[PDB]
Number of protein chains: 2
Amino acid sequence: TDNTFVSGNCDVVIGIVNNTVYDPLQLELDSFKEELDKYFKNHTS
Amino acid sequence: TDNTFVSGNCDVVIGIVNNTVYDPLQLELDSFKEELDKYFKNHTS
Ligand SMILES: *[C@@H]1O[C@H](CO[C@@H]2O[C@@H](C)[C@@H](O)[C@@H](O)[C@@H]2O)[C@@H](O[C@@H]2O[C@H](CO)[C@@H](O)[C@H](O)[C@H]2NC(C)=O)[C@H](O)[C@H]1NC(C)=O
Ligand SMILES: *[C@@H]1O[C@H](CO[C@@H]2O[C@@H](C)[C@@H](O)[C@@H](O)[C@@H]2O)[C@@H](O[C@@H]2O[C@H](CO)[C@@H](O)[C@H](O)[C@H]2NC(C)=O)[C@H](O)[C@H]1NC(C)=O
């Protein structure tokens, strides 16, 4: 998402191929959610 | 990290210097981590 920009849906462009776009913020958010889950497990379980 | 882009390692450029590149996202993430650690520590005690 840093070297790409979004403009509309993908029903207009002719020849648009369709592949995963990586988002670092979501990756670190998921990692921190996993860390919080581990902390909660250490708290109760 | 917003001012600059990363390309390669430090063993190729002639004249590369020794300096910290500040990451605001990592700074706020570490602040959140410290806050959550203190929260859990005072919750346990
Ligand atoms: C490109 O995506 C199209 C659009 O489908 C969407 O994206 C897919 C990756 C998947 O998550 C779908 O559920 C999404 O709706 C894909 O075309 C789909 O093809 C499947 C298999 O026949 C069909 O069930 C869906 O209905 C199609 N989607 C639509 C909107 O008609 C296409 O497969 C993707 N390209 C590649 C190379 O996988
Ligand atoms: C630029 O710094 C690197 C590494 O950072 C230094 O060491 C850390 C442990 C920490 O104390 C930092 O603040 C320091 O700035 C230096 O790379 C080292 O170079 C030596 C000599 O060639 C080599 O033996 C080490 O393996 C290197 N270490 C790494 C991690 O690459 C580098 O030399 C510094 N630049 C200059 C001109 O001295």
# chains A, B, ... in the order shown; residues from 1 in each chain; ligands from 1
>>> closest_atom_pairs(of="chain A", to="ligand 1", cutoff="8 Å", atoms="only C-alpha atoms and all ligand atoms", output="CSV")
residue,atom,partner,partner_atom_place_in_ligand_line,distance
A:17,CA,ligand 1,35 (N),7.1
A:18,CA,ligand 1,1 (C),5.1
A:19,CA,ligand 1,37 (C),7.4
>>> residues_around(residues="residue 36 (chain A)", least_positions_apart="6", cutoff="10 Å", atoms="only C-alpha atoms", output="VMD selection string")
(chain A and resid 30 42) or (chain B and resid 33 36 to 37)
>>> write_last_selection(atoms="C-alpha atoms", output="compact mmCIF listing (two decimals), in the first residue's frame")
# COMPACT_ATOMS: atom_id res chain seq x y z
CA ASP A 30 -2.22 -8.81 13.73
CA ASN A 42 -0.76 -15.88 30.60
CA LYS B 33 3.52 -1.83 24.35
CA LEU B 36 -0.08 -2.25 28.05
CA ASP B 37 2.75 -3.90 30.01
>>> closest_atom_pairs(of="chain B", to="ligand 2", cutoff="12 Å", atoms="only C-alpha atoms and all ligand atoms", output="Markdown table")
| residue | atom | partner | partner_atom_place_in_ligand_line | distance |
| --- | --- | --- | --- | --- |
| B:9 | CA | ligand 2 | 31 (O) | 9.2 |
| B:10 | CA | ligand 2 | 31 (O) | 7.8 |
| B:11 | CA | ligand 2 | 31 (O) | 8.5 |
| B:13 | CA | ligand 2 | 37 (C) | 11.8 |
| B:14 | CA | ligand 2 | 37 (C) | 10.8 |
| B:15 | CA | ligand 2 | 37 (C) | 8.7 |
| B:16 | CA | ligand 2 | 37 (C) | 7.7 |
| B:17 | CA | ligand 2 | 37 (C) | 6.2 |
| B:18 | CA | ligand 2 | 1 (C) | 4.5 |
| B:19 | CA | ligand 2 | 1 (C) | 7.6 |
| B:20 | CA | ligand 2 | 13 (O) | 8.7 |
>>> calpha_fit_and_write(fixed="chain A", moving="chain B", output="mmCIF file with N, CA, C and O atoms, in the first residue's frame")
data_model
loop_
_atom_site.group_PDB
_atom_site.id
_atom_site.type_symbol
_atom_site.label_atom_id
_atom_site.label_comp_id
_atom_site.auth_asym_id
_atom_site.auth_seq_id
_atom_site.Cartn_x
_atom_site.Cartn_y
_atom_site.Cartn_z
ATOM 1 N N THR B 1 0.970 -1.088 -0.006
ATOM 2 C CA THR B 1 0.093 0.072 0.103
ATOM 3 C C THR B 1 0.868 1.380 0.032
ATOM 4 O O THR B 1 0.282 2.418 -0.290
ATOM 5 N N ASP B 2 2.165 1.356 0.339
ATOM 6 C CA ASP B 2 3.006 2.528 0.136
ATOM 7 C C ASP B 2 3.410 2.684 -1.324
ATOM 8 O O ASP B 2 3.609 3.810 -1.791
ATOM 9 N N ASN B 3 3.545 1.572 -2.050
ATOM 10 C CA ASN B 3 3.906 1.640 -3.461
ATOM 11 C C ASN B 3 2.738 2.085 -4.329
ATOM 12 O O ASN B 3 2.951 2.619 -5.423
ATOM 13 N N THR B 4 1.506 1.875 -3.869
ATOM 14 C CA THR B 4 0.328 1.996 -4.713
ATOM 15 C C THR B 4 -0.732 2.851 -4.034
ATOM 16 O O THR B 4 -0.758 2.997 -2.811
ATOM 17 N N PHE B 5 -1.611 3.417 -4.856
ATOM 18 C CA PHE B 5 -2.759 4.174 -4.385
ATOM 19 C C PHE B 5 -4.043 3.538 -4.900
ATOM 20 O O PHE B 5 -4.078 2.963 -5.991
ATOM 21 N N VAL B 6 -5.100 3.644 -4.100
ATOM 22 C CA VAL B 6 -6.377 2.993 -4.374
ATOM 23 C C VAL B 6 -7.329 4.008 -4.987
ATOM 24 O O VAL B 6 -7.458 5.133 -4.487
ATOM 25 N N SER B 7 -8.000 3.616 -6.072
ATOM 26 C CA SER B 7 -8.977 4.486 -6.724
ATOM 27 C C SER B 7 -10.044 3.603 -7.365
ATOM 28 O O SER B 7 -9.835 3.069 -8.458
ATOM 29 N N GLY B 8 -11.175 3.456 -6.687
ATOM 30 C CA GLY B 8 -12.305 2.743 -7.248
ATOM 31 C C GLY B 8 -12.306 1.267 -6.903
ATOM 32 O O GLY B 8 -11.627 0.799 -5.984
ATOM 33 N N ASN B 9 -13.100 0.523 -7.666
ATOM 34 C CA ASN B 9 -13.222 -0.918 -7.526
ATOM 35 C C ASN B 9 -12.633 -1.603 -8.759
ATOM 36 O O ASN B 9 -12.062 -0.957 -9.645
ATOM 37 N N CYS B 10 -12.775 -2.925 -8.816
ATOM 38 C CA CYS B 10 -12.141 -3.737 -9.844
ATOM 39 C C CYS B 10 -13.052 -4.022 -11.033
ATOM 40 O O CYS B 10 -12.720 -4.879 -11.858
ATOM 41 N N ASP B 11 -14.185 -3.332 -11.143
ATOM 42 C CA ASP B 11 -15.154 -3.586 -12.199
ATOM 43 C C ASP B 11 -15.066 -2.584 -13.344
ATOM 44 O O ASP B 11 -15.926 -2.599 -14.231
ATOM 45 N N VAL B 12 -14.055 -1.714 -13.350
ATOM 46 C CA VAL B 12 -13.938 -0.658 -14.344
ATOM 47 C C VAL B 12 -12.685 -0.810 -15.195
ATOM 48 O O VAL B 12 -12.743 -0.667 -16.422
ATOM 49 N N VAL B 13 -11.544 -1.100 -14.572
ATOM 50 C CA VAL B 13 -10.283 -1.176 -15.300
ATOM 51 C C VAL B 13 -10.277 -2.406 -16.195
ATOM 52 O O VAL B 13 -10.671 -3.503 -15.777
ATOM 53 N N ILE B 14 -9.829 -2.228 -17.434
ATOM 54 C CA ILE B 14 -9.707 -3.319 -18.392
ATOM 55 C C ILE B 14 -8.309 -3.909 -18.251
ATOM 56 O O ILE B 14 -7.314 -3.252 -18.569
ATOM 57 N N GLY B 15 -8.232 -5.152 -17.787
ATOM 58 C CA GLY B 15 -6.962 -5.818 -17.590
ATOM 59 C C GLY B 15 -6.490 -5.925 -16.159
ATOM 60 O O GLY B 15 -5.348 -6.340 -15.935
ATOM 61 N N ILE B 16 -7.325 -5.566 -15.184
ATOM 62 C CA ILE B 16 -6.931 -5.669 -13.786
ATOM 63 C C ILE B 16 -6.715 -7.136 -13.430
ATOM 64 O O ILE B 16 -7.410 -8.026 -13.934
ATOM 65 N N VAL B 17 -5.718 -7.402 -12.587
ATOM 66 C CA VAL B 17 -5.308 -8.764 -12.266
ATOM 67 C C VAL B 17 -5.478 -9.007 -10.765
ATOM 68 O O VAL B 17 -5.760 -8.093 -9.995
ATOM 69 N N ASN B 18 -5.285 -10.264 -10.362
ATOM 70 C CA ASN B 18 -5.680 -10.765 -9.048
ATOM 71 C C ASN B 18 -4.408 -10.856 -8.205
ATOM 72 O O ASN B 18 -3.622 -11.793 -8.380
ATOM 73 N N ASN B 19 -4.204 -9.921 -7.274
ATOM 74 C CA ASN B 19 -2.966 -9.989 -6.503
ATOM 75 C C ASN B 19 -3.099 -9.287 -5.154
ATOM 76 O O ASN B 19 -3.825 -8.300 -5.014
ATOM 77 N N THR B 20 -2.363 -9.817 -4.171
ATOM 78 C CA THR B 20 -2.375 -9.301 -2.805
ATOM 79 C C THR B 20 -1.477 -8.074 -2.690
ATOM 80 O O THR B 20 -0.308 -8.111 -3.087
ATOM 81 N N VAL B 21 -2.023 -6.989 -2.149
ATOM 82 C CA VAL B 21 -1.253 -5.788 -1.843
ATOM 83 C C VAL B 21 -0.918 -5.833 -0.360
ATOM 84 O O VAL B 21 -1.817 -5.821 0.490
ATOM 85 N N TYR B 22 0.370 -5.861 -0.039
ATOM 86 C CA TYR B 22 0.791 -6.028 1.344
ATOM 87 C C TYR B 22 0.709 -4.713 2.107
ATOM 88 O O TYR B 22 1.080 -3.653 1.597
ATOM 89 N N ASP B 23 0.213 -4.791 3.340
ATOM 90 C CA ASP B 23 0.070 -3.630 4.219
ATOM 91 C C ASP B 23 0.932 -3.829 5.457
ATOM 92 O O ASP B 23 0.565 -4.611 6.351
ATOM 93 N N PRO B 24 2.087 -3.165 5.551
ATOM 94 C CA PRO B 24 2.939 -3.349 6.741
ATOM 95 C C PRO B 24 2.264 -2.934 8.037
ATOM 96 O O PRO B 24 2.443 -3.596 9.069
ATOM 97 N N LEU B 25 1.485 -1.851 8.006
ATOM 98 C CA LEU B 25 0.801 -1.393 9.210
ATOM 99 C C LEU B 25 -0.187 -2.441 9.703
ATOM 100 O O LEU B 25 -0.226 -2.763 10.894
ATOM 101 N N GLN B 26 -0.987 -2.996 8.791
ATOM 102 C CA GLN B 26 -1.919 -4.048 9.180
ATOM 103 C C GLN B 26 -1.185 -5.294 9.651
ATOM 104 O O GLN B 26 -1.649 -5.973 10.571
ATOM 105 N N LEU B 27 -0.039 -5.607 9.041
ATOM 106 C CA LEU B 27 0.739 -6.764 9.474
ATOM 107 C C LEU B 27 1.195 -6.610 10.920
ATOM 108 O O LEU B 27 1.013 -7.517 11.744
ATOM 109 N N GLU B 28 1.782 -5.457 11.253
ATOM 110 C CA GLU B 28 2.251 -5.263 12.622
ATOM 111 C C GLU B 28 1.087 -5.143 13.600
ATOM 112 O O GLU B 28 1.199 -5.588 14.749
ATOM 113 N N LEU B 29 -0.041 -4.570 13.167
ATOM 114 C CA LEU B 29 -1.212 -4.506 14.036
ATOM 115 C C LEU B 29 -1.752 -5.898 14.339
ATOM 116 O O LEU B 29 -2.131 -6.190 15.479
ATOM 117 N N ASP B 30 -1.796 -6.775 13.333
ATOM 118 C CA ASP B 30 -2.243 -8.146 13.565
ATOM 119 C C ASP B 30 -1.262 -8.904 14.449
ATOM 120 O O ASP B 30 -1.673 -9.717 15.287
ATOM 121 N N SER B 31 0.040 -8.660 14.274
ATOM 122 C CA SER B 31 1.023 -9.274 15.161
ATOM 123 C C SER B 31 0.811 -8.828 16.603
ATOM 124 O O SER B 31 0.861 -9.647 17.531
ATOM 125 N N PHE B 32 0.560 -7.532 16.808
ATOM 126 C CA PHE B 32 0.274 -7.032 18.149
ATOM 127 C C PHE B 32 -1.001 -7.652 18.707
ATOM 128 O O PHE B 32 -1.071 -7.978 19.896
ATOM 129 N N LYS B 33 -2.029 -7.799 17.867
ATOM 130 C CA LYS B 33 -3.279 -8.400 18.323
ATOM 131 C C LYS B 33 -3.064 -9.839 18.771
ATOM 132 O O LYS B 33 -3.573 -10.252 19.819
ATOM 133 N N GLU B 34 -2.311 -10.615 17.989
ATOM 134 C CA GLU B 34 -2.020 -11.993 18.375
ATOM 135 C C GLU B 34 -1.208 -12.043 19.664
ATOM 136 O O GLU B 34 -1.473 -12.874 20.544
ATOM 137 N N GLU B 35 -0.215 -11.158 19.795
ATOM 138 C CA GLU B 35 0.597 -11.134 21.007
ATOM 139 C C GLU B 35 -0.246 -10.795 22.231
ATOM 140 O O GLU B 35 -0.101 -11.423 23.285
ATOM 141 N N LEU B 36 -1.142 -9.813 22.107
ATOM 142 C CA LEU B 36 -1.990 -9.435 23.233
ATOM 143 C C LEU B 36 -2.991 -10.534 23.569
ATOM 144 O O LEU B 36 -3.292 -10.767 24.745
ATOM 145 N N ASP B 37 -3.521 -11.216 22.549
ATOM 146 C CA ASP B 37 -4.425 -12.332 22.804
ATOM 147 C C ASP B 37 -3.715 -13.449 23.558
ATOM 148 O O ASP B 37 -4.262 -14.004 24.517
ATOM 149 N N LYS B 38 -2.490 -13.784 23.143
ATOM 150 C CA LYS B 38 -1.725 -14.803 23.857
ATOM 151 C C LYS B 38 -1.395 -14.350 25.276
ATOM 152 O O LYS B 38 -1.436 -15.150 26.220
ATOM 153 N N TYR B 39 -1.069 -13.064 25.443
ATOM 154 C CA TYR B 39 -0.785 -12.526 26.769
ATOM 155 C C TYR B 39 -1.987 -12.682 27.690
ATOM 156 O O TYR B 39 -1.859 -13.159 28.822
ATOM 157 N N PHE B 40 -3.171 -12.297 27.210
ATOM 158 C CA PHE B 40 -4.375 -12.418 28.026
ATOM 159 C C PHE B 40 -4.717 -13.878 28.297
ATOM 160 O O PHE B 40 -5.159 -14.221 29.401
ATOM 161 N N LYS B 41 -4.519 -14.751 27.305
ATOM 162 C CA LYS B 41 -4.820 -16.166 27.497
ATOM 163 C C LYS B 41 -3.932 -16.785 28.568
ATOM 164 O O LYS B 41 -4.412 -17.548 29.415
ATOM 165 N N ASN B 42 -2.633 -16.473 28.553
ATOM 166 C CA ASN B 42 -1.759 -17.029 29.581
ATOM 167 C C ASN B 42 -1.939 -16.332 30.924
ATOM 168 O O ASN B 42 -1.669 -16.936 31.968
ATOM 169 N N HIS B 43 -2.385 -15.072 30.927
ATOM 170 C CA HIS B 43 -2.702 -14.409 32.188
ATOM 171 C C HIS B 43 -3.914 -15.046 32.856
ATOM 172 O O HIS B 43 -3.923 -15.244 34.077
ATOM 173 N N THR B 44 -4.947 -15.366 32.073
ATOM 174 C CA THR B 44 -6.123 -16.023 32.637
ATOM 175 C C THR B 44 -5.782 -17.409 33.167
ATOM 176 O O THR B 44 -6.259 -17.809 34.235
ATOM 177 N N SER B 45 -4.958 -18.155 32.437
ATOM 178 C CA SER B 45 -4.560 -19.493 32.857
ATOM 179 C C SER B 45 -3.252 -19.455 33.641
ATOM 180 O O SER B 45 -2.890 -18.427 34.213
#
>>> select_by_dssp(residues="region 3-36 of chain A", states="helix (DSSP H, G or I)", output="CSV table (one decimal) with N, CA and C atoms, in the first residue's frame")
chain,number,residue,atom,x,y,z
A,24,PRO,N,1.6,-3.3,5.6
A,24,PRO,CA,2.4,-3.5,6.8
A,24,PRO,C,1.7,-3.2,8.1
A,25,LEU,N,0.8,-2.2,8.1
A,25,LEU,CA,0.1,-1.8,9.3
A,25,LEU,C,-0.8,-2.9,9.8
A,26,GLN,N,-1.5,-3.6,8.9
A,26,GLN,CA,-2.3,-4.7,9.3
A,26,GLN,C,-1.5,-5.9,9.8
A,27,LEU,N,-0.3,-6.1,9.2
A,27,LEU,CA,0.6,-7.2,9.6
A,27,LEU,C,1.0,-6.9,11.1
A,28,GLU,N,1.5,-5.7,11.4
A,28,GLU,CA,1.9,-5.4,12.8
A,28,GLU,C,0.7,-5.4,13.7
A,29,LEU,N,-0.5,-5.0,13.2
A,29,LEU,CA,-1.7,-5.0,14.1
A,29,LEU,C,-2.0,-6.5,14.4
A,30,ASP,N,-2.0,-7.4,13.4
A,30,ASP,CA,-2.2,-8.8,13.7
A,30,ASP,C,-1.2,-9.4,14.7
A,31,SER,N,0.1,-9.0,14.5
A,31,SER,CA,1.1,-9.5,15.4
A,31,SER,C,0.8,-9.0,16.9
A,32,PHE,N,0.4,-7.7,17.0
A,32,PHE,CA,0.1,-7.2,18.3
A,32,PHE,C,-1.1,-7.8,18.9
A,33,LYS,N,-2.1,-8.1,18.1
A,33,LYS,CA,-3.3,-8.9,18.6
A,33,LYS,C,-2.9,-10.3,19.1
A,34,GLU,N,-2.0,-10.9,18.4
A,34,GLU,CA,-1.5,-12.2,18.9
A,34,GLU,C,-0.7,-12.0,20.2
A,35,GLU,N,0.1,-11.0,20.3
A,35,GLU,CA,0.8,-10.7,21.6
A,35,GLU,C,-0.2,-10.5,22.7
A,36,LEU,N,-1.3,-9.7,22.4
A,36,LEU,CA,-2.3,-9.5,23.5
A,36,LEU,C,-3.0,-10.7,23.9
